Amino acid sequence: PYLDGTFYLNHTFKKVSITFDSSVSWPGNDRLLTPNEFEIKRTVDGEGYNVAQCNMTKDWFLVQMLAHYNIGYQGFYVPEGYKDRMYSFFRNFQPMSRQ
Amino acid sequence: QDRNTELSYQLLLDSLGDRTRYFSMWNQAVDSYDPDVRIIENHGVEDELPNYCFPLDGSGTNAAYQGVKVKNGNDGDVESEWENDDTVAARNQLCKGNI
Amino acid sequence: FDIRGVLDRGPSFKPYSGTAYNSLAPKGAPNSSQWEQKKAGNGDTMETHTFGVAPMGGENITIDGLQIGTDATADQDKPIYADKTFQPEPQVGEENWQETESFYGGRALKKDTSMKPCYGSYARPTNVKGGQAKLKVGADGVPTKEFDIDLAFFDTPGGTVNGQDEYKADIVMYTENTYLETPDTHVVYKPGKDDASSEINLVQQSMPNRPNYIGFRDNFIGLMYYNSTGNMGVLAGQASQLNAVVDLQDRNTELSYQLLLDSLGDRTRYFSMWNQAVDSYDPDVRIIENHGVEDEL
Amino acid sequence: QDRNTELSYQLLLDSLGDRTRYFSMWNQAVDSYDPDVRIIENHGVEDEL
Amino acid sequence: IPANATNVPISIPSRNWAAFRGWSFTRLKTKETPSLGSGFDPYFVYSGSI
Amino acid sequence: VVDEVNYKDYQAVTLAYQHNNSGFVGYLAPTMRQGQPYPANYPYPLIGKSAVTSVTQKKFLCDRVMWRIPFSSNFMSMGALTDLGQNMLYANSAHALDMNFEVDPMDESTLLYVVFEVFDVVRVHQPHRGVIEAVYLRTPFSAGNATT
Amino acid sequence: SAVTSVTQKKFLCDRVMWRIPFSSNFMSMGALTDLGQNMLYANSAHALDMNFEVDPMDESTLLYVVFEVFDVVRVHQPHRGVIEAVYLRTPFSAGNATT
Amino acid sequence: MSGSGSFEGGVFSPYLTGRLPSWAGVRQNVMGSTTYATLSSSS
Amino acid sequence: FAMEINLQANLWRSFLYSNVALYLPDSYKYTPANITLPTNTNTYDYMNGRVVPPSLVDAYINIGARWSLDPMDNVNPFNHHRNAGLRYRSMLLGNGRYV
Amino acid sequence: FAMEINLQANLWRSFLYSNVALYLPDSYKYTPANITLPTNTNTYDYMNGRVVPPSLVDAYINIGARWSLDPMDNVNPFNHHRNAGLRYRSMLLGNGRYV
Amino acid sequence: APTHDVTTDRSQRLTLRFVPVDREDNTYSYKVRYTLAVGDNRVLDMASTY
Amino acid sequence: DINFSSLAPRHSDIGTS
Amino acid sequence: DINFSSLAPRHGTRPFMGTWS
Amino acid sequence: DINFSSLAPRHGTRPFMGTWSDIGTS
């Protein structure tokens, strides 16, 4: 995975906090729905901060559609065919559910 | 009530493109049919080589056959004195013709 | 860099998923074969049992085995015997649809050739006529051109029906040693622990080995040292010798190269010169999407 | 005599539109073969069940 | 190209090459190629892809 | 493919005497099954233990495309009218051309189709009602015809 | 006679590295970060611990953190058989210790 | 080990703590509220 | 009681026989014993009546190789019944001879 | 006389068993009773020789849902024989060991 | 990248959610009202509401 | 060659006639 | 298009300037 | 994103009856 594009454990992250100091945190001038951590995913969700039909936080989805494409502040849309590549986020994201 | 903005929205999306790309968040996934159900292209079957099933012991129906070793020389089928030998056992399971 | 050389893969390599020998066989099927048994054996009698099939007809069985033809009249008539070296061909049968009661000849294996299921079974030809019996060894097999095939006759198990009363024999099996190899199927069930031929070694089953494709990496990854200590490249003058290649450990120029080819063209087209062909899984294997099976008929 | 108008036309279509879209009025439908007939690949069979 | 020939030479008489572009070439088969100078080809007994 | 001289247990077994799927397929026909189960003998293992010595065969296929050699100093094209076509337009000279082709043997009669790419231009003028005129230029293989 | 059942949700991503941009205005335009004009070097502590909560299962894992920088090089030849290169990387530099 | 000796208690890890024990790795009997699949999956 | 079949093996065998074996040159074919055919080799009747062994294109030959058969290199691959341009044209005139 | 078989059901058992079950962890496998395998777990023989139940990938489990099995979310999906890139690379060297 | 006149400055939220209280009941329709939040100096785009 | 193309778009609503 | 990289405009918002009061 | 940005931002002028201009002048 190191020397090739292959990767397959990106869903095994829970949160990253990019701490700078222990009274504030990196982007943390009030910006995100959880301003002190990037939650990648929620195990249980009272607030409704999941985005449809998977665990991913609304904050994280916003960040990863503005990291790879620049859409989020004009509302989400399906990226163009040349903006979406084999290593780009959008076409490798696969929500799922079962009972 | 003489405006149909549900329909209007569908046709707008296809103007944008990416209408065969599926976006989980807004539930995009245009209805489709398989065009081989809608238009039946019959072309027969590609079966010109017969297919077969065979027993689990792969020997058909077997029966007992005593071993026989000739008791005298001579090229005959009744002058060679065909009679039982116990070096070749008795009641051997063997099949005649194809399995 | 045009590299040439000789690549060798181990016996791990197997670039297909099935078996290449007797794929249409039942996995439980055993070959026509023999085993010695000691139940009523011992001494100067030893029970050599046979499990098998004799598939093609003859016209008589004499002590020359099956007579598979007859020589056309010229003021003489002599029955043509079937050769022990390759006839009775195990691919030749009948074209009725199966018959019983006539004369029949087949083939078998000895009990000195250990049983293996008929599903991966292979033995190399030792003759150009499709024979595959081992050559006899007197002390050398090289000058000995006598093949190892021994006839075994059989008859209906009545004593007042054929044999002892009303002499004749109904089947003959051309029993041989052969180089029995399964080079792509592994035994997966067996009930004994013997590898030697037995009555219970007809019940062995074998499934194929795992598909294992082995090839060079995607763009020849790791076939040159990058980001290395003492193995780093040189591009420098021939006089000055000032190296204009500074390689850093905390740099990755193979990953960087992958991502660049998604800045350039489509990555879904294969190229053979530079060996491009991105790793991609079947997405219906990655995410199993059940939908049952359409099976209302 | 030594001009191949029919061949020339086939080539012209290719350089303009795609030939994988079939048309019916002028009867476009490029000749094809399946690439698993012309170049046979054996990947064996799944005979482990 | 005769059957089992491994060489076919071409000789073109000496003439101008003013405004010449490339060449292309490919190999066909005699039974599959009719002539276009003729209105009918009695020897053309093939109806496959030309 | 199996070595026929460096594998020492090589035997040339023809189609008739090959077997593999013995008793489960017909004899050299799509007819019903014939024979008995038996060890195969046809392909020699090239994989796993007891893999036989072998040599590589290498080839390519290439369909639907004619080979082409541009007529320019660099084989890349910097324009329709090449730079070596203009040698003979800024100082015409006649030359002969021989092309010698070497091709594989083939049992059937074959043809070679050589395309000599030219400029074939028609300049159509209609100067008056119900009148159409045309002039056909063709460059290093000019039209010898002008038939009715 | 359908049983009582909970839902379960997840996503997958394969071949994606989780990208977080840095500096100001989350839309990705440009590449340069103007923190050279905020101070030239005046640092102390103010943390910088990235802490990744991760899902455990069994045997070892490694984490790969790509710190995105410039890897610019100028390659100049001033004379025949002479080639030189100057390398610059600025947030994580490759020189100045023995240099 | 670290610092001034005594009897036993060395070979890496312990420090000051004082916060509430977020996420799994603590999971066991004696529950609260009303470990791969405590975090992969969501219900 | 049961009988055993390898569905996968049979499907592969049949696929090869229809699409490859029947398209081998006539030199690899033979006329059956009691079947008599035209002496014209360009007639449909002759082509149809000639029978090819299914062992020439054995289902496990060039097993694990990407290779086009040697006597199939000199066979026009656009005379084939899975030429999908030809099929489209033919069926666009219906399924009867009288059109 | 006749016998009944479900062809469709069988082909979906086969698909799943080869492409799913065999690539499960070896925690779900067992070594047969009279089979001895190497003590090295990275050998081909060891991987090959362990047997996995075909009832763990039932072929009638998760039925009607898109779901990726939990002990397959930590399995590298590019270590597969349906990795189409790896197959291409392998077959441009040929089908024999000695290349 | 431009360094000025696009900077967040004071820096305030990127996202809002608007709230639960009560409604007038209906059998087959669900009637929802919002009165929105307000603060200072931002421009909302209604494509980014859901 | 195969290729050769030189016909492609170079593109009271009138001046003088 | 075959681009996977935005432009920067290379200029901040508003050319037009107002006086201090 | 992952950076590339390089010379030739627009069409390279060549008076399209031909495919050239000059090396410059000196």
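Sequence positions are given from 1 along each chain as written, possibly unlike the numbering in the entry, and residues without coordinates are left off. In the order they appear in the text, chains get letters beginning with A and ligands get numbers beginning with 1. Remember that the shown chains come from a larger assembly, so read each value as a statement about the shown part. Only hydrogens and water are set aside when side-chain values are computed; all heavy atoms of the structure are taken into account.

cryo-EM is the method the PDB entry states for this structure, with the resolution given as 3.07 Å.

Student: I'd like a rundown of the overall build of chain E, residues and numbers included.
Tutor: The secondary structure content of chain E amounts to zero helices and two strands. As a reference, a globule follows 2.2 Å times the number of residues to the power 0.38, and the radius of gyration itself is taken over C-alpha atoms. Taken against the 2.2 N^0.38 rule, which gives 10 Å for 50 residues, the C-alpha radius of gyration of chain E at 15 Å runs more than 25% over that of a compact globule. Seen along its three principal axes, the alpha-carbon backbone of chain E occupies a region of about 40 × 30 × 20 Å. Buried positions account for 38% of the 50 residues belonging to chain E. Here, Shrake-Rupley sampling with a 1.4 Å probe gives the accessible areas, and only protein chains in the shown set may cover a residue. Summing over all exposed atoms, chain E offers an accessible surface of approximately 2,900 Å²; the carbon and sulfur share of this is 61%. Put simply, DSSP marks the helices as runs of H or I at least four residues long and the strands as runs of E at least two long, and each gets a number from the N terminus on. The cut-offs for exposure are 20% and 50% of the maximum accessible area for each residue type, with area from a 1.4 Å probe on protein chains only; residues under the lower value are buried, those over the upper are exposed, and the others partly exposed.

Student: Account for the interface of chain A and chain J, naming residues and giving values.
Tutor: Between two residues, a contact is recorded if the distance between any of their heavy atoms is within 4.5 Å. Across the contact, 11 residues belong to chain A and 12 residues belong to chain J. Accessible surface is computed with a 1.4 Å probe, and the buried area is the amount of it that two parts give up when combined, taken over both parts together. Summed over both sides, the interface between chain A and chain J buries roughly 930 Å², with carbon and sulfur atoms accounting for 59% of that surface. Taken as a group, A:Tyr8, A:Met96 and A:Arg98 account for 58% of the area that chain A buries against chain J, more than any other trio of residues on that side. Put simply, a salt bridge is a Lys or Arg side-chain nitrogen that is within 4 Å of an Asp or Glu carboxyl oxygen. On the surface where chain A and chain J come into contact, there are zero salt bridges. Counted as a polar contact is a pair of N or O atoms within 3.5 Å, where, for protein atoms, one must be capable of donating a hydrogen and the other of accepting one, and residues adjacent in sequence contribute only when both atoms are in side chains. Our count for the chain A to chain J interface comes out at four residue pairs in polar contact.

Student: Explain the pattern of salt bridges residue by residue, including any values.
Tutor: Counted by the stated rule, this structure contains 47 salt bridges over all chains. Salt-bridge contacts for J:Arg82 lead to D:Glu46; the nearest nitrogen and oxygen are separated by 3.6 Å. Residue J:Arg82 is found in the loop between β1 (66-67) and α3 (84-90), and its partner D:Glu46 is found in the segment after β1 (40-41); the two belong to separate chains. Each member of the pair J:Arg82 and D:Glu46 is classed as buried. One connected set of salt bridges, linked through shared partners, spans A:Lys14, A:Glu39, A:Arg42 and A:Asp45.

Student: If you had to explain the sheet that holds strand β2 (residues 49-54) of chain G to someone new, which residues and values would you point to?
Tutor: Read from one edge to the other, the open sheet built from three strands follows the order β2(A)-β1(A)-β2(G), with strand pairing classed as antiparallel. Pairing within the sheet leaves two strands with one partner each, and these edge strands are β2 (38-39) of chain A together with β2 of chain G. For two strands to pair, DSSP has to find at least two bridges joining them. Examined bridge by bridge, strand β1 (residues 13-19) of chain A and β2(A) share two bridges and lie antiparallel to one another. From the neighbouring strand, A:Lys15 faces β2(A), where its bridge partner is A:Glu39.

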